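Since the structure comes first, as structure tokens, the remarks are kept for the end.
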Amino acid sequence: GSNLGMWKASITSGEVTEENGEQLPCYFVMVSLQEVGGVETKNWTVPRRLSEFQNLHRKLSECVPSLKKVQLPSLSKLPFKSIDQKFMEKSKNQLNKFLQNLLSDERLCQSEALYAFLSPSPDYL
């Protein structure tokens, strides 16, 4: 089964990537799992796209309605509507705290949706 329990996630830096001639917002997420004293605590960082963040909120919202109260940032796939520093920060603040709400809820804490998002999965949905 899944050996979860206490997971810590947070953003450290943010950058914008490029794909198919389009720029998308990317926010690095540092996940740390403190296992039994016998094992050493693990810690890694993985880039998370805005779209991914929302995908999780939807999956989590189903398990917890309270989460529905939380609102995440968004953007458009327009040529002029590019990602700027202003949004990179304004959104980062919403994402940084967004994760906290997930680890703050015991229901979500065990929710696979979290462990899956916290894990290094670029194809996450």
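Letters A, B, ... go to the chains of the structure tokens in the order shown; residues in each chain start at 1; ligands are counted from 1 in the same order.
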Skipping near chain neighbours, those fewer than 2 positions away, what residues fall within 9 Å of residue A:74 using only C-alpha atoms, listed as a CSV table (one decimal) with C-alpha atoms, in the first residue's frame?
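The new file part.csv reads:
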chain,number,residue,atom,x,y,z
A,50,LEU,CA,-0.3,26.1,-13.2
A,51,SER,CA,-2.6,23.7,-15.1
A,54,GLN,CA,-5.8,23.3,-10.8
A,72,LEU,CA,-6.3,29.4,-7.9
A,76,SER,CA,-4.9,32.2,-21.5
A,91,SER,CA,0.1,33.6,-8.6
Quiz item: Residues at most 9 Å from stretch 35-40 of chain A, counting only C-alpha atoms, excluding those fewer than 2 positions away in the same chain, as a ChimeraX atom specification?
Solution: /A:3-6,33,42
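Put simply, atom CA of residue A:111 is 19.3 Å away from atom CA of residue A:71.
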Quiz item: Can you list every residue in chain A that DSSP puts in strand (DSSP E or B), as JSON, numbers by chain?
Solution: {"A": [7, 8, 9, 10, 11, 12, 13, 14, 15, 16, 17, 18, 19, 22, 23, 24, 25, 26, 27, 28, 29, 30, 31, 32, 33, 42, 43, 44, 45, 46, 47, 48, 49]}
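Nearest to residue A:105 of all the residues A:10, A:121, A:61, A:93 is A:61, based on only C-alpha atoms.
Among the candidates A:31, A:11, A:88, A:26, the one nearest to residue A:115 when counting only C-alpha atoms is A:31.
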Self-check item: Who sits within 12 Å of residue A:85, only C-alpha atoms, same chain under 2 positions skipped, as a VMD selection string
Solution: chain A and resid 14 to 16 25 to 26 82 to 83 87 to 92
Expected file contents, prior selection, N, CA and C atoms, as a PDB file, in the first residue's frame:
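Output file again30.pdb is given in full below:
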ATOM      1  N   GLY A  14      10.379  30.164  -9.218  1.00  0.00           N
ATOM      2  CA  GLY A  14       9.426  30.037 -10.306  1.00  0.00           C
ATOM      3  C   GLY A  14       9.986  30.525 -11.626  1.00  0.00           C
ATOM      4  N   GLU A  15       9.597  29.865 -12.713  1.00  0.00           N
ATOM      5  CA  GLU A  15      10.069  30.237 -14.042  1.00  0.00           C
ATOM      6  C   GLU A  15       9.047  29.852 -15.108  1.00  0.00           C
ATOM      7  N   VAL A  16       9.198  30.426 -16.299  1.00  0.00           N
ATOM      8  CA  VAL A  16       8.291  30.143 -17.404  1.00  0.00           C
ATOM      9  C   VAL A  16       8.981  29.319 -18.485  1.00  0.00           C
ATOM     10  N   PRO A  25       3.426  29.007 -17.216  1.00  0.00           N
ATOM     11  CA  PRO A  25       3.955  29.267 -15.874  1.00  0.00           C
ATOM     12  C   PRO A  25       4.419  27.993 -15.177  1.00  0.00           C
ATOM     13  N   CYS A  26       5.609  28.046 -14.590  1.00  0.00           N
ATOM     14  CA  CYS A  26       6.167  26.895 -13.889  1.00  0.00           C
ATOM     15  C   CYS A  26       6.659  27.289 -12.501  1.00  0.00           C
ATOM     16  N   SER A  82       0.958  36.872 -22.367  1.00  0.00           N
ATOM     17  CA  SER A  82       2.101  36.098 -21.901  1.00  0.00           C
ATOM     18  C   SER A  82       2.248  36.204 -20.387  1.00  0.00           C
ATOM     19  N   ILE A  83       3.087  35.344 -19.819  1.00  0.00           N
ATOM     20  CA  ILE A  83       3.317  35.341 -18.379  1.00  0.00           C
ATOM     21  C   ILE A  83       4.417  36.326 -17.996  1.00  0.00           C
ATOM     22  N   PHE A  87       2.467  38.454 -12.624  1.00  0.00           N
ATOM     23  CA  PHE A  87       1.629  37.278 -12.426  1.00  0.00           C
ATOM     24  C   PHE A  87       2.411  36.163 -11.736  1.00  0.00           C
ATOM     25  N   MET A  88       3.683  36.029 -12.099  1.00  0.00           N
ATOM     26  CA  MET A  88       4.539  35.003 -11.515  1.00  0.00           C
ATOM     27  C   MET A  88       4.532  35.090  -9.992  1.00  0.00           C
ATOM     28  N   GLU A  89       4.460  36.313  -9.474  1.00  0.00           N
ATOM     29  CA  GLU A  89       4.446  36.530  -8.033  1.00  0.00           C
ATOM     30  C   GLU A  89       3.023  36.453  -7.484  1.00  0.00           C
ATOM     31  N   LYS A  90       2.119  37.212  -8.093  1.00  0.00           N
ATOM     32  CA  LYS A  90       0.724  37.230  -7.668  1.00  0.00           C
ATOM     33  C   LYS A  90       0.163  35.815  -7.584  1.00  0.00           C
ATOM     34  N   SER A  91       0.538  34.975  -8.543  1.00  0.00           N
ATOM     35  CA  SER A  91       0.071  33.595  -8.577  1.00  0.00           C
ATOM     36  C   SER A  91       0.854  32.730  -7.594  1.00  0.00           C
ATOM     37  N   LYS A  92       2.165  32.939  -7.547  1.00  0.00           N
ATOM     38  CA  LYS A  92       3.029  32.182  -6.650  1.00  0.00           C
ATOM     39  C   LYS A  92       2.508  32.238  -5.217  1.00  0.00           C
TER      40      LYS A  92
END
